[PDB]
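Worksheet: the structure to be examined is printed underneath.
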Amino acid sequence: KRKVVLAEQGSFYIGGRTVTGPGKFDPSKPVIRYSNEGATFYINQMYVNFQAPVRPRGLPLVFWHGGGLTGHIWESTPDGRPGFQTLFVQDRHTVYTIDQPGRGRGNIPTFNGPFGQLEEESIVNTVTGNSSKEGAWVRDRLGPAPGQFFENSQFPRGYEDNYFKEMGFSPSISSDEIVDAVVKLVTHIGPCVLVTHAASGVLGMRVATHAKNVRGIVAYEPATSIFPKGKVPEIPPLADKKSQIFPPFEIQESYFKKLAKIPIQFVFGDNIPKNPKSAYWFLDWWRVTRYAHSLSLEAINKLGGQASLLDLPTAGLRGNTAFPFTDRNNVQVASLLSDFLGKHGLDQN
Amino acid sequence: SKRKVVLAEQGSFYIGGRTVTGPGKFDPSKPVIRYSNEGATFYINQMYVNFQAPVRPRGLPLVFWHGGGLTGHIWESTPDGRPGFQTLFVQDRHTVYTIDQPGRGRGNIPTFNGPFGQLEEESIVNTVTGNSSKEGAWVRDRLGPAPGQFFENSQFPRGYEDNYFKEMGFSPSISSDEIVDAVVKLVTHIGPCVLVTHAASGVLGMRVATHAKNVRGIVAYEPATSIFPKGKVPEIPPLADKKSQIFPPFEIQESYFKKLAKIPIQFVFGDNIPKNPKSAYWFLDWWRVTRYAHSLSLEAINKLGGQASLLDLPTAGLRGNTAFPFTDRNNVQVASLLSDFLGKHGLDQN
Ligand SMILES: COC(=O)c1ccccc1S(=O)(=O)NC(=O)Nc1nc(C)cc(C)n1
Ligand SMILES: COC(=O)c1ccccc1S(=O)(=O)NC(=O)Nc1nc(C)cc(C)n1
């Protein structure tokens, strides 16, 4: 189950720009301590890993981690079982995993001075934000409160520390520059399929509107909904009658229409309440966010698209968290992704 | 195929680190975003580890430890896309571990809700960062004497400068002790192994070996900081500018230093390090004196019964290497010399 035969593997950097400090560089002067004087800095580049099987079948898959994560989540589960990288190389796809700009091996743009500041210019904010273990526990629906599991949970219990250790902050790089890096990757790769997660859901939809090479999207538990500009439907507040979901992203209709040209599937796990749940903010947040996504998919289908919502419990899979691809039944989750690729001919040459 | 690799298993995991906490209590009924430090537990200073195991390994696993401001990428591929040491040594039938140390790459960057590195009133790491430039790295790594210039017969993959410099970045002010601790924990998990270090990780690997008997060997590429027993640092000259000095050598208690005499240790240097003072080129001169200090460090280990050696790649017939010989155009020949070291000491045998 763990063996993989690779025709080739490797990694590379793509995308980004440069920024420059004041003055000139003199090789005769002390180079340490490091200075911005005469300095060129490469910023906002992205790390890319690939593994290619012998005799690939169909399109390469680009796995795009969610918010605060890295390509680790596609390599292995917190308890050390094979991730989707291994499973889909075994399924004879070439597999790309990325660390987007600002995360993991992607660039974090900081210099000599307060975090993110290049002399007088703020490239990213000095003040950061970051989830806690407690916030991520309820965000990912391990259970209703930190330290508590849903009875049906597919989470790999006992490996909580390993799981939360994979998460971290992201600097305030513009989403435009994150999308730009992936568009450049998609141009380099050729026709491919994006597999996204949580925060990278909306970003992958945006990439598809810029990149005809994206031939399909599967988004696990996307966090932000997308609509044509000026056509955001009525979305209710949360059950506390104060909070809202993430403001939906709006794009010009001429770009939105490109989403109708490819098959798109959104995948949701379990324990999302059907009814208002004022006691558990993130459970209720997922209820309304999933509802908003259902309207987004409907809008795509009204433009001639083929956009679907897969609730894993309807396929017989119970208890999945917001990371179904690292849960205990992730082989069965992978099978459903293989089914989608096969239905749409994305596993054929 | 030279690119083909067959893995019995591969994967990655997190190891090491600690937790820090914010004030107060977490209420799941209250808005979770915007994120807060209230009732917050944060995992900090953990390390990322990737492993690739061949079918029927022979000899000890290798732990490849990137230099300063780098990640495990430098062992995966060269800047122009040729196989890195990870592939080459899985093909050489070693299980290969590649790490992103705490503070780098997939390792943790310890920051919270607030100014970078600050958790309420506690400074976990400094808000003010430092970072090399392209120009600084160019001369640090001896591509040439000045940015844009290359030494004659250079083995750098010319044309791929963007790729190369894009792999570099900053490191927050995590204590070296905590970085060493993570790797000690990894060595405990793996068992007997060999450390392959680089630049800034050189001194750290030496430290790890003094705390971990499972380190059975060390190969260090262009180490940046020298190591000596406490109070026994030899006289080391200043640089040719008569004002600068190399990195303050690390000093450790002699009981721990003596542990370095129990295992084979090889330091490996590339080309273009001057033999004579070079005031016009700071980093070239730095390397001259730094390599000299390392020669003395190795001698001290040998006087205590050790098996320490210095390999200058030009003496082995390899010209033009930079400070990253394992990503240079002749990195297959560099790998061959590492294979030779492992075979000499039986570290390629079960
Ligand atoms: C893996 O989990 C998720 O990706 C994920 C899943 C659900 C909600 C949030 C995230 S997150 O981690 O991305 N968190 C954030 O980034 N916070 C945030 N994001 C936006 C866009 C706007 C605001 C106000 N906050
Ligand atoms: C890949 O190249 C190298 O590793 C490498 C190689 C040679 C010199 C420096 C580095 S570095 O990048 O580590 N740069 C540093 O900033 N080193 C450093 N600087 C200070 C001021 C204090 C200490 C302890 N180390």
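With ideal geometry, Cβ positions are generated from the backbone for all residues, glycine too; neighbour counts draw on all protein chains shown. Any read-out appearing in this document is the output of simple, stated calculations on the displayed coordinates, not a laboratory observation.
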Most positive-pole-ward Cα, B:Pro172, B:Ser133, B:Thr78, against dipole of segment B:2-350 from beta carbon charges: B:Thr78
Farthest toward positive dipole pole in segment A:275-349 [+1 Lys/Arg, -1 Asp/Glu at C-beta], among A:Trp281, A:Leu297, A:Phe323: A:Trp281
Global geometry of segment A:119-223, whether rounded, prolate or oblate, following the gyration tensor of its Cα atoms and the 1.5 cut on a/c: oblate
Residue order, fewest to most surrounding Cβ atoms within 10 angstrom, among B:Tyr35, A:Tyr163, A:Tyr47: B:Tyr35, A:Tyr163, A:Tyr47
GluC sites (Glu not before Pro) restricted to segment A:211-283 and DSSP loop, no more than 12 other C-beta within 10 Å: A:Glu234
Candidate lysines - alpha carbon under 20 Å from A:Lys3, same-chain residues fewer than 8 apart omitted: B:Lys2, B:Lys4
Shielding of A:161-174 by partner chains, average beta-carbon count, 10 Å: 5
Qualifying trypsin sites (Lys or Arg not before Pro) in segment B:90-178, DSSP loop, other Cβ atoms within 10 Å at most 15: B:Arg93, B:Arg158
Rounded, prolate or oblate (a/c below 1.5 giving rounded, otherwise prolate when a/b exceeds b/c) for segment B:194-233 by Cα gyration tensor: oblate
Cβ neighbours within 10 Å from other chains - mean over A:276-287: 2
FRET efficiency, B:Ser175 to A:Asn301 (Cβ-Cβ, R0 41 Å, nearest 0.05): 0.15
HN-Hα J in Hz across segment A:320-337 - Karplus 6.51, -1.76, 1.60, θ = phi - 60°, x for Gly and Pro: 5, 7, 7, 10, x, 6, 10, 5, 4, 9, 5, 5, 5, 4, 4, 4, 5, 5
Part-to-part distance (alpha-carbon centres) for segment A:39-58 and segment A:304-349, which is given in Å: 25
Restraint check, A:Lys231/B:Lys30; B:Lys166/B:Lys259; A:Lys133/A:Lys242; A:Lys29/B:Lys275; A:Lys24/B:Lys243, Cα-Cα greater than 28 Å: A:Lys231/B:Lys30; B:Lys166/B:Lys259
With Cα atoms, 0 to 90° folded angle of helix B:201-211 axis to chain B main axis: 80
Whole-Hz ³J(HN,Hα) from phi, Karplus 6.51 cos²θ - 1.76 cosθ + 1.60, for segment B:42-47, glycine and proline x: 10, 7, 10, 6, 6, 10
Percent antiparallel among DSSP beta bridges (both partners in the protein assembly as shown, rounded to 5): 50
Approximate spin-label separation A:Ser338-A:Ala260, in nm, with each point projected 7 Å along Cα-to-Cβ: 3.5
Equivalent-ellipsoid semi-axes of segment B:1-154, from the Cα gyration tensor, Å, largest first: 37, 25, 11
Selected from B:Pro249, B:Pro238, B:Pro157 as most flexible by GNM, with chain B as the system and alpha-carbon contacts under 10 Å: B:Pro238
Those trypsin sites (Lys or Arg not before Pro) in segment A:165-225 that DSSP places in a loop and that have at most 14 other beta carbons within 10 Å: A:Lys212
Computed helical MRE - 222 nm, chain B, DSSP H runs ≥ 4 contributing -39500 (n - 2.57), nearest 500: -7500 deg cm²/dmol
Debye-sum result for chain B in log10 I(q)/I(0), which assumes one identical scatterer on each alpha carbon, at q = 0.14 Å⁻¹: -1.20
Of all DSSP beta bridges in chain B, antiparallel share, percent nearest 5: 45
10 Å Cβ shell holding at most 11 others, DSSP loop, GluC sites (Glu not before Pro): longest site-free stretch of chain B: B:1-120
For A:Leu310, B:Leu70, order by how many other beta-carbon atoms lie within 10 Å, fewest first: A:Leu310, B:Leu70
C-alpha long axis of helix B:176-190 to longest principal axis of chain B, angle in °: 80
Global form of the protein assembly as shown, assessed from the alpha-carbon gyration tensor, a/c cut-off 1.5: prolate
Distance from segment A:94-159 to segment A:218-286 (C-alpha centre basis), Å: 21
Average partner coverage of B:38-46, which counts Cβ from other chains inside 10 Å: 6
Assigned charges on the beta-carbon of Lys, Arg, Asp, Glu; chain B dipole about Cα centre (debye): 800
